[PDB]
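Working notes for the structure below.
Chains as they are written, first to last, in my numbering: chain A, 43 to 51; chain B, 9 to 1550; chain C, 314 to 369.
What follows is the structure, encoded as structure tokens:
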């Protein structure tokens, strides 16, 4: 549901 | 990206070429890199591999795995079907066709266009040829640009020779030439287009119509590009005779007339120029053969034009006999042959075809109504174009005009005798048979010359520079006696040759005498026709008059000397003649031309010219040859029939209403306009204009005419409204009659009565006007989509929206300061006016609240891209949502929510808004980027819609993606907001993906403003409880706080704001203060949100998120990524800037002028400006060195204005810092309170916070009483919620330092009683827990020193706080004294108790003991406890008995008459009193026993009951008091010795 | 339940705890003083004389 909201820099 | 496919490579390359063409060389190094990667592309213009059977049979046999180049793909039954379909429609190879389809799947354009996958392959294929060929035109175009560097101009030149023409450069070096490939290339486009129509027409005789149209457009564009490339290549002398013969044969085999022939025309022109003219392959012998070869045709006009052009170009050889050889050749025979050939070509219709082509080339969708019917009165027998949408380019038109002007020059400099004989033949023919119309060869030739010389002053000047050249010779020879057609053609040529002012002045000087045409004959003919019409007229006369009028208007609009001469010429009197002609019986065209001539003459005028024009208008409208009131209306109605004259009359009025100084007093019209006759002045004009625009808008069939008329009316209304003074009238009605004299009142009265603003406002309240407006704004979307940005519909809609905005703004001012004055004037004097307003419509919103589709149309018009229109619609919607009556009528269920949910309008509106806000901006055009302006407009609209009526939902909630229900909201399944794809989520994304930290400037301003607006919208959405829970859930479900923290940036005094430093004095005057306040507010909002989320997670008792929250606060992130802790952001408190201190200049004058009337700290500048202006006027009237000392007052005012601005900015910064400090304190309190984690690890952060606040408290100990409050309470709770040796020393050290600043403030009585109370609690626990063993003695000793330093000054303040107004201050102060006396005894006497007696504290304290029953959980109860408790302590020391006994406490406790849970409290009071008396008697000795016996004897019996009583929880507590009470008296008995008395 | 009332409740609890601690400390000090004054001599006689004089 969170494709880009992840905190994966 | 870097790995771009073929399509993306050509699209990106095209953008680079445009940059270099538009004077942008920022991509030179990047441009060369692309030509090397696409070398194989430029080699072959267009070539499609033939459909092979090897791939057809193999593709369908094993449609499982496909291998193209290095990558591999998997084919399925669905994709394989698209390959065969694409290959069949375009006859393309299966391998190449598959690659095209694969590019679509990767890029994913199927969703961007929502079309079948096989159809996208056709578009993608056409795009390649478009850019592949279009980019080549830019290379050659830039290589020939003379306005660029010579070096760069040569780089693209040699590159094109090798990349396009396949010719290697000079430094190096079976293959086929370029032309034969280009000819075959264009051939494929024709065969492909022909087979397309055959197959398409068969099936047509669907959703692919637009795709077929786009493909045809791409094909015609590619053909035009190939033609231009061929022309450019031929311009470099890279052709031969075979190509020329092939082109001539192709032309001879031409079937139909279309755009392709017009595109090929310039090719043949360049061919003849290179070969025919002596400017190329100058082989005289070769030219002879080509002459006989050119001199089968399926269209004779083509051959005629070709022969004429060839003769014109090749007749330049036979001019002299020195530059070439002409021996053994006869001249007269060849001359006669060429003459007869040219005559035959003319008879066949060469010039006719040339003129038809020139006309069809510049075919414009809309034309100015000022030149209707011009150059359209000939006999055109050539068939016209099919009217298909094939617009032309600009370079093609430029080349065509250049070739036409060259041909004109050649024909004029080579064949003069031909033109002479043709003119003589036409003249004699018209003479011998006037009834018949002779040929129009000369007229058509002059019209072609005019078309060629249009908008090109560089070439038109050639007709004026050398008056002895062939051009000027022909110009002067064509002005002799002739017929009406030739004169009209010459006038049209002159008009078109006046593109600028210099050419206009040259034509003016050449027309008048210094025979050729002169103004004298023109005016003579005008007067003759006027007298004939006034005592029929032929079309030729009307055409001549129209041409003369157009020429005069053009000369007046372009030239100034003619405008100033003819306007006041006594011998011409053109105005009288044109008026006498207009008042006659003639068609509307002449009236329109006369009106346009008047407008042109009155484009630039002065007061005298305005007066003369008004005088003439009044004289000709009052008695036009019947009363004047009737004649004027008759003339107005006569000028109302049609559209041309009406628009023309309207533009003239609009121009006349403009003042001579340009677009405040002196209304632009004479005050005595119409004073003679009984008329209201200029009102009739506006009344008639409004009546027309309201009623006669249905008799216009042509939509273009209706749009133009509506635009003219809107422009007239705007010019009438913008010329109204608002602030002037406000200040007048405010101070003129109340303060100023009654002299100027008449001026303002006349201005308000004569200005047409009142009449316009009155008309605006009519239903016809608003109905016409909403009908004009209500149009289909397809029209606006296919229309051009300069379309009249968009301009009319914009003008209408602007008029509506102005009306909504000025309605209040009107209804306030116009209606009553006008009514009073009409009642006093005699005025006859007809009302045109509706009394029911109390406001402008009443007439528009009945239209529901208005908002729908305004929202749909946001997907057009027009910046101005989008901003206007957003402002209109914002103003509508800001009103009250509209939302009261809509929501008295609701109407807007159901109107916007008819066919999914809200969804598409939200999608368009999201797509818009996601569009990037131009870093260079920060404040000029239309995208940023649209974003700010949308944000302001949302802010205004959410701030107004937050409790009740609005359209903003629906646009965000919420289900607006009656007094309730909700989310739907699979909706746009549920899938995290809506406006709110788009805002969140654009916010979290925004970086403000820059290097070149750093801490930008517009980014700060954008994020501040976003945060304000978020706060407005959060505070609303109707949309709070769901928003918080959606935020915590995406880790928004984490993104915000990651986006945080530290602030320091070194980082400048927009290249400007903070310490600079200009900082307070610059705009950086706004950005700083915005950043402070953003930090405050972020801290508040973090605190709220922490409180929520704590009350939810779930440690899953508490760990992550603490880690983020500790400075680590486990996905470890580190971030600055909260203590790092505590850098906004800095007193070095001295925002409170301000340098006060000397101000030797104006010092007494205060800011009383200026002052929500907001000091108005006008309140002081008026005062200083009055003072300056008084000083000037005093007549004492007024000229010299004026500059002093001027500079003092210039300093005072900046002083006021700096004070306002300082107040704003101070309040922002206060809010930020309050938010930070609240966050810290919420963090400390709700924290289950251990305290020994957080002791480090505690000590760090203490160290950070120490200087803050030391700097604001007695400065202000607002910041200390937030910082005083945090230290209070912190002190109560409390290797080890090192930490114990630092804590005790600061606790001692913190103890000093508290007593220092108490000694000075600083701050309010509330702040003064917190200090008591801090010092209380410090003297009770810290101090209360050599270490203890040192601390206790030094502690008492601080108290003794102040002395009575400190105790005096504490004693006054007691028994005061406040309830908590007196309580804390009373308890504080207990700790002081208690700790002092531990250090037989005490100085603290002694001071209390000198301050009269013990005296008043014992006096308050009376009526204690009235005072005695409750605040009053706890207060008395500390009171009696204190007295008990003083009775324990030996010295207290002396001072206490002298207060006569025995008589004080007698006047009061004081002698399961409720009873317990009763005994608590008796015990307190008994202890004070018991300890007092046994303190001194036998001097007080005499009083104790009286107390027991006077109150005997009561104590007996207690002593005998003593001899579940509440019960034990009650009995405990009895034991203490019983034992209390027992101590007094044994101590007093009552037993001895018996 | 709400951030606005949270700080108010915290301040109220702190004030109540401070008042309770002060009252307890005052009571303990008074009790210690009374014990130190009575432990000198005549611990039970002071009450025995009264029990003998007055009605038991």
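Heads up, the beta-carbon is just placed ideally off N, CA and C, and yes, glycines get one too.
Cβ-Cβ distance between residue i and residue j below 8 Å
i	j	result
residue 1465(B)	residue 1421(B)	yes
residue 855(B)	residue 778(B)	yes
residue 1382(B)	residue 1394(B)	no
residue 1241(B)	residue 323(C)	yes
residue 1359(B)	residue 1401(B)	no
residue 1015(B)	residue 1004(B)	yes
residue 1551(B)	residue 596(B)	Here chain B has residues from 9 to 1550 only, and residue 1551(B) is not among them.
residue 1455(B)	residue 1410(B)	yes
residue 967(B)	residue 914(B)	yes
residue 775(B)	residue 703(B)	no
residue 1110(B)	residue 1120(B)	no
Neighbouring residues, chain C, relative to residue i (Cβ below 7 Å)
i	result
residue 1437(B)	339
residue 1099(B)	316
residue 1444(B)	346
residue 1538(B)	359, 360, 363
Beta carbon proximity, residue i to chain C, threshold 8 Å
i	result
residue 1234(B)	yes
residue 1030(B)	no
residue 1483(B)	yes
residue 1015(B)	no
residue 4(B)	Outside the displayed range of chain B (9 to 1550) lies residue 4(B), so it cannot be described from this structure.
residue 1285(B)	yes
residue 1336(B)	yes
Chain A contact residues for residue i, given Cβ-Cβ distances below 8 Å
i	result
residue 1047(B)	47, 49
residue 1129(B)	51
residue 1105(B)	Neighbours of residue 1105(B) on chain A: none; closest Cβ ~17 Å, over 8 Å.
Cross-chain neighbours of residue i in chain A, by beta carbon under 9 Å
i	result
residue 985(B)	Simply none; closest approach about 13 Å.
is_contact[residue i, chain A] using C-beta, thresh 8 Å
i	result
residue 1050(B)	yes
residue 988(B)	yes
8 Å Cβ cutoff, residue i in contact with chain B
i	result
residue 353(C)	no
residue 325(C)	no
residue 359(C)	yes
Cβ-Cβ separation, residue j to residue i (assumed contact under 8 Å), whole Å
i	j	result
residue 262(B)	residue 310(B)	7 Å
residue 583(B)	residue 624(B)	6 Å
Per-residue contacts from residue i into chain C (C-beta, under 9 Å)
i	result
residue 1547(B)	362, 363, 366
Beta-carbon neighbours of residue i, restricted to chain B and to distances below 9 Å
i	result
residue 330(C)	1288
Proximal chain A residues relative to residue i, where beta-carbon distance stays under 7 Å
i	result
residue 1127(B)	49, 50
Proximal residues of chain C, C-beta to C-beta of residue i below 8 Å
i	result
residue 1237(B)	320, 323
residue 1278(B)	The contacting residues do not exist; residue 1278(B) stays about 11 Å from chain C at best.
Could you name the residues of the segment 1419-1433 of chain B whose beta carbon sits closer than 8 Å to any beta carbon of chain C, in the order they occur along the chain?
-> From the segment 1419-1433 of chain B, only 1430, 1433 have a Cβ closer than 8 Å to chain C.
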